[PDB]
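First up is the structure itself, then whatever we jot down about it.
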Amino acid sequence: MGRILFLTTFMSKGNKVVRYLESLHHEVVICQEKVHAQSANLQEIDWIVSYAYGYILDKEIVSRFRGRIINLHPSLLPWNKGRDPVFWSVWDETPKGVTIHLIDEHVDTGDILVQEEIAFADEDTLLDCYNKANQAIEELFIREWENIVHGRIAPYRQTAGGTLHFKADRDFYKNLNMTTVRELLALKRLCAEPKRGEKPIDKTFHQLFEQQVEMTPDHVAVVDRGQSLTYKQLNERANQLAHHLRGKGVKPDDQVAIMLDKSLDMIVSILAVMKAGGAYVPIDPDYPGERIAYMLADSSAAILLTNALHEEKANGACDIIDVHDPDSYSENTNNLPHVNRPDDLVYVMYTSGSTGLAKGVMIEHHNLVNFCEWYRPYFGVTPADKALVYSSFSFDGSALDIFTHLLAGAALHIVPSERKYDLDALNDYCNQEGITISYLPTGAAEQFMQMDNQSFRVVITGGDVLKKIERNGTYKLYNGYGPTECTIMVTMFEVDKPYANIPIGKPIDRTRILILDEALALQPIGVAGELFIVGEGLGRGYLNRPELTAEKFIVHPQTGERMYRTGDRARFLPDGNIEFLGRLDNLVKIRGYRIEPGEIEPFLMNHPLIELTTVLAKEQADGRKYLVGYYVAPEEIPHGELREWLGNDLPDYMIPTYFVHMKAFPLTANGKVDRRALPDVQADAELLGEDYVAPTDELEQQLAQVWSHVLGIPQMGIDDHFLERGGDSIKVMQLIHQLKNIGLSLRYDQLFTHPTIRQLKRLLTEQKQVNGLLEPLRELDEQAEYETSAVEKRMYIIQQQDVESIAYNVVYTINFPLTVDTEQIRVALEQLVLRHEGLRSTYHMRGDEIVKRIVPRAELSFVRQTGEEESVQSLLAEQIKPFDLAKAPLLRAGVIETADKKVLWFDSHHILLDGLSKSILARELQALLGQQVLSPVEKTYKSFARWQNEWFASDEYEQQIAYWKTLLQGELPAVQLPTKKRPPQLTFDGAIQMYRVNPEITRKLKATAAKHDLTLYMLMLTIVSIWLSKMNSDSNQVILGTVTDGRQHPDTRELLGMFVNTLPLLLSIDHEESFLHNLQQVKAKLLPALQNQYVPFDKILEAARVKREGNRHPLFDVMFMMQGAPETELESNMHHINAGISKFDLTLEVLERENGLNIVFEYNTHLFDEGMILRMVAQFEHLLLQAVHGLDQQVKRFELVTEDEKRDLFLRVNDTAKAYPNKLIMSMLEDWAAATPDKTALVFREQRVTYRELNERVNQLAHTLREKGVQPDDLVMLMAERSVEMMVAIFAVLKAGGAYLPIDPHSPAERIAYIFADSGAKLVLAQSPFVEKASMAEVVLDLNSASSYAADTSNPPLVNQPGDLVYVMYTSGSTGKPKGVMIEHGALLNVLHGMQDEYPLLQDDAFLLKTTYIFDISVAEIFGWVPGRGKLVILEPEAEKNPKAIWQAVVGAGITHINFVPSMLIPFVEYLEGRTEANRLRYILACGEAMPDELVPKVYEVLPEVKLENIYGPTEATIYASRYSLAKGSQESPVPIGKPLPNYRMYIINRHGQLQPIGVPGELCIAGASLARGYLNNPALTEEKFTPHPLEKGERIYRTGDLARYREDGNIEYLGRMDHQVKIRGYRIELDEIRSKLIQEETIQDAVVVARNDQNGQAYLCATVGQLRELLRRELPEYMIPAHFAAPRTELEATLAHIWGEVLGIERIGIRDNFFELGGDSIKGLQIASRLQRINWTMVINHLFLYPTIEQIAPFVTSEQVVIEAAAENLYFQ
Ligand SMILES: *P(=O)(=O)O[C]C([C])([C])[C]([O])C(=O)[N][C][C]C(=O)[N][C][C][N]C(=O)[C]([N][C]=O)[C]([C])[C]
Ligand SMILES: *P(=O)(O)OCC(C)(C)[C@@H](O)C(=O)NCCC(=O)NCCNC(=O)CN
Ligand SMILES: [Mn+2]
């Protein structure tokens, strides 16, 4: 051992590594600060271990301790060196691992000592990756430190490569810590920089225009009125005016104004200014003369291009150049010399309508060129197109209208104001001129979609929010987005389908869009933020407004990129598109809620009568705002109709107050909807709506005020619906309590039946005011010890089973900015300690009574630590330590400070912190952190315990206990979730998965619930119940637990304590009824339970007398909780932490956050894994969406499996197609014989038959059979034992044309007569001893008489097609008389070809004929040698029962393929153990029954080099269907039947015909090529069993009647027949599991495991009885025990027997009696241990679950050694 200097800056001081070093007995000196070269911490040090050291060691230290400085870097070096390594391992897609290396004089460039490869998942968050990485580096240390310190590890140098990263290189990706890996990479692809851009723009516009004028000189360029201009005519006239302009003084970047109207001269003037060198400044001639003067002066334009009509509007302010004066045009018609550069200004357009007078946005040439060069190839603009110059030339819409199409050879058509506003006449012009492409603003576009157009192929829109996609035309609709500051548009979207929010699209050429937060950091995909524009569209800025330009055009502080601040909110969608979410300022507050009014219009337009809609948010002088819904419809729509229409998907405040009908929306002069021309509502006054009905009496007013107080709404109406206007379950109780003060008693259920004030009055009008309904909580007087509540006693008892358990520790974190004072937070928390007695309460035990003791003051543990992002979790994990309930405060806190945040953490116990208590702690801490004063508390928890303990003596309490005792009487339901194998003892290890319901779906969920008089909890509980039922094999009843607030007295809603109560919920799902029906059923069962919600759970269990198993939890195993929305802002930024704990098998908590729902899936990791839960989360989402849209659909019609799961099943199971030769088997033999005539084909006894000899004898009997009247699909029955004649018969039947029907010769005549009839067959090819056995049925031949053969040895002609019958195998199945399965040739061929592909029988191979030919397996032996041209060794009759003989055949005949039904393989392997003969055997193909798991090793030990295979298949799928290859080193838990064969498909379906997902059981169904034609002469049965199904798209499926389940591997597991299913108390019983467990003991070799119906037709499993139960007590659950198959020895056991008999109540207790079998509860163990402690016998309550008997726990209860003598025994006074 030696001294180690542990260097850590961001990790803990007592990490797992330091402790492992201290266990190996090292002295670990820990230094967290910078060490100096000659410090004391450096003396007498033998090793230096570093872990997250945030300093650099001096070069002397590195050299002085060279080879002795070890670092722990959580990265696979050389990759991701430096800082934040795990994140950069994911973002840069580098290899993943951990490295223990040596420290040099640089950053992580040392010789690697040991290195492991970690693996991160796609569904893992970055935080999960941090945790996984930190563990690996700590385990790698524990695993290799001894090899390192002892020099057993040779350092190898770092390989070439790697990345190096520094601190603050991550400041842009800070909001991405809770994002999954695949999502992180998706954002990277979607937002990263490409490859140094495309190509730089090296051209101006006039340059490219002059190149197009040379390409299409004589094409029409512009068309105004009836006259036209060609490209060359336009170019030359512009060139003429440009020579005039340039000579007049136009220089680059100069601003020349144009005040012309839409004409041919406007296009000439625009190109003239450009060719001269300037930028055109469009001034609309109709603008106010002041606006005109402003632009001219702001633009500092010396030259104005106008005419004589608009001349005087300049007031002599510029050099007027008349565009009609000929002297203004020169004689030079040639292209001017170029004086411009791509960075030169091209135009300046003024934008206004808001703050400021008007700002001049300046655009450059490279900006426009980049747009025009993207426009042409994107829309396929050709010289054949015609475009419309629609927008005013003062708006960038005209830039698109003019410049984009000019660069493509198209023709511009000028639009006079005569048609710009008559859009019927515009459609005329377009249709009669062939206008193919144009840009129409949103409002004008939505009013052009009604016109009937045939000319347009592409119509682009944008400007406002597009809602309408239905149009009377054949043109494509495109939606664009872009500010004027960038060029025209930056994103485009093709509207392909209806959308609620039509995306604005994807960025264009050389343009990138980022969604950033307030700190200018990258938001994750789907998270909203401000849109930022990067690329070649961004212009210079604003004219003479440098402040606003620096404000909106910012260079990013981190990415170093110029970006434009849009001020618009948007989010990226997963497809790569962006969607506009509104302006970051245009949110109004309604009823106290900030909303976007544009989120309402889409729902209103979905009304079948509304075509156009617009929602405005006007206000009154009082200040409050109201929403007005303007709509265009054929006629007016009733107000209540629009209110109801929106009530299906929207909340009350998002429903507009008033609606206004319009015939046509007024449009501004630029194609937008004139919002300020929309009629203002007359009744703005104060009209609380047309729905407002004022209270008409004193009670309606009294109720309306109480409703106002509880709901927060002013002036309620007598028709307002409680649940529709914010009503919650908590608010219902608040209404009830506020009514008790009035004197009126209302029941919880009566509110849901009277949800308006109108109805409530009728309920309460006859009541009389009764005083005393609400009695104050009496403040207890001072005592030494106080009373504890029922929950506090429970929680105490829980923490006593494992005194070191953290399963009920409550850990929350809040991330504060670094500007918060850490000590201020601690001071506030120390104020919260004295403010609440719970934070100073301790719990002790007085005899057998748990009591509370209040302490006047307690000191808080406030640990300050420094850490990094990838270490915060690790630091916090080492701080969750067990709590001693006798010590206060029961809360520990601390602040972890990083370089970007201060993370406050606090850890409490459930005994004090519950749901509401957390919300009060939030609000109070937030108020204290704001230095706000708090009114001192008024009540205390210790008083509520007194009141409630007295209520337990009331009559109401007994009334409620009786409810639960009858509710949970009788056999309760059993919810068998598709879990992993349940561990014997209960485990609490867990993880969490999270599912987010978006705000849109959340809104539809709540609106749906309120509309049908339900709460969101009721609606969620129903979906959860259906979800559980569909996993419990579509059970009709389900059971689960829930949690209530538990605040009985209304005075306890401000206290800090444990109030919540756990309730058992027994609900029912009717799959034959609708979702709406089931919703009411759940409520009809929830409300009675909430009426008896104040009985403690332990008493409910006792009233129900619930049996205690060990694999499951008491009454339920799945828990569903729900929390409301956060009350404060601190509560919304609190984060609950799971320490890897799952109190139940599965817990679902719904949390309302961010206007959506965060659903947590806490699960036991021993029962579910990462993949399983992910499947269940997607199934819940699938059911939720199906339900919220299928309110009236039957629940059976909701499918649990998902489409992704269906595709996954297909590949892993049912992708089995293979092309197989259609040559029949009877031909194959005759072909083989012709080529190998003298090769061995059959071997019987010691005689051999060759292919030629076989074939020839076959041919003879065939020629005989042919003239006997044998044609295709004829049946001739066989009566023969194993011989060569049976083989000749079969093949001859097939050559003649018929099908062969094997009948056992030794079958009773009763049977034969049956098949003789059912088949209706005539020929009976029988052997000599059985010719008369046919009783001369019809024509009976003799296979042994040569008369029944013929002379012709030539191959009979082919007379069969691949669809003809080849054989008919009767079934004689259970509960049935023999039925004839008809198998065709191509069916048999497929199995033979597929089995050969798997187990090929080649020429040098052989099969053994040992299966009786009345079983289909024999067919695989009869024909399995033909494909590969092998041979068949016919075993002697009745030798299948002699393993001696079977073995001999394998040895002497070199057999490779053999079939063995299980139970006949065991006698075979019991013979081969004491044997050593050589073998050629290759495959043991097993089928017929389930393979015992013990058989697999038994086989591979007597026959190594063999390949054991388990194969399954019903007779109706020819022979086989699925197979599973077993391996030597394997221990399959049920031994699966496997995956289907080639061209086979297997489906597991439920009782309603739906594909079951993995784990969920159902009926196995076969489909594919090798299916039976049907049952012979039983078309009834053929219809019930061979049914068409949508899975096979009308093709048939065979219902096997076998229960089966899919496996994560994909292999199907056999679960038995659907009938003959054994269930104890609703749980399925697998008799093999109990047999397997009853066999591994040497004493037992014979294991009988079966069920007997007993007493009232009830069933019970039958097979040392209590010892046998003990052997099965472990491993097996108490529903799987066979119902049918006093001696204390030391003082301790006598003492234990006495104490047990008192607590358990069993007068007679034995040392071998099971605690839980005698009534052992968790309550009992505490009593037993406490009575033992009082007599100095220390016993652990946990031990009672591991050692449940007296003698088993006897050596574990220790004595408390007492000291009898004192230090002072004799005293002498002096
Ligand atoms: P209605 O809306 O149909 O009401 C149904 C309920 C859910 C029964 C309602 O009445 C109710 O009681 N809501 C509050 C229940 C509650 O307290 N939920 C949170 C419970 N969880 C905890 O107390 C702990 N862990 C996580 O929350 C705690 C340590 C924070
Ligand atoms: P014992 O074998 O441990 O069981 C008997 C008890 C009644 C003591 C035990 O089952 C019990 O306490 N059940 C109720 C506790 C419970 O289900 N949840 C705890 C309450 N807190 C939460 O559920 C999380 N918010
Ligand atoms: Mn490092």
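Numbering starts at 1 and runs along the chain as displayed.
Going by what the header records, the deposited coordinates were determined by X-ray crystallography, 2.9 Å.
Cβ coordinates are placed from backbone N, Cα and C, and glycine is handled just like the others.
The domain 'Carrier 1' annotation in Swiss-Prot covers 694-768.
Swiss-Prot lists 1687-1761 with the feature domain 'Carrier 2', giving sequence analysis as the kind of evidence.
The DSSP breakdown of the expression tag (1766-1774), given as helix, strand and coil counts, is 0 helix, 0 strand, 9 coil. Residues or ranges marked as expression tag in the PDB entry: 1766-1774.
Taking Cβ-Cβ distances under 8 Å and a sequence gap of 6 or more within the same chain, the neighbours of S729 (O-(pantetheine 4'-phosphoryl)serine) are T1015, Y1017, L1090. The O-(pantetheine 4'-phosphoryl)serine annotation in Swiss-Prot covers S729 (among others).
A helical conformation is recorded for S1722 (O-(pantetheine 4'-phosphoryl)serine) in the three-state DSSP classification. All chains included, 17 other C-beta atoms sit within 10 angstroms of the C-beta of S1722 (O-(pantetheine 4'-phosphoryl)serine). The O-(pantetheine 4'-phosphoryl)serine annotation in Swiss-Prot covers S1722 (among others).
Break the domain 'Carrier 1' (694-768) down by DSSP state and the numbers are 45 helix, 0 strand, 30 coil. Annotation: residues between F1685 and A1686 (32 in total) lack coordinates; Cα distance 23 Å.
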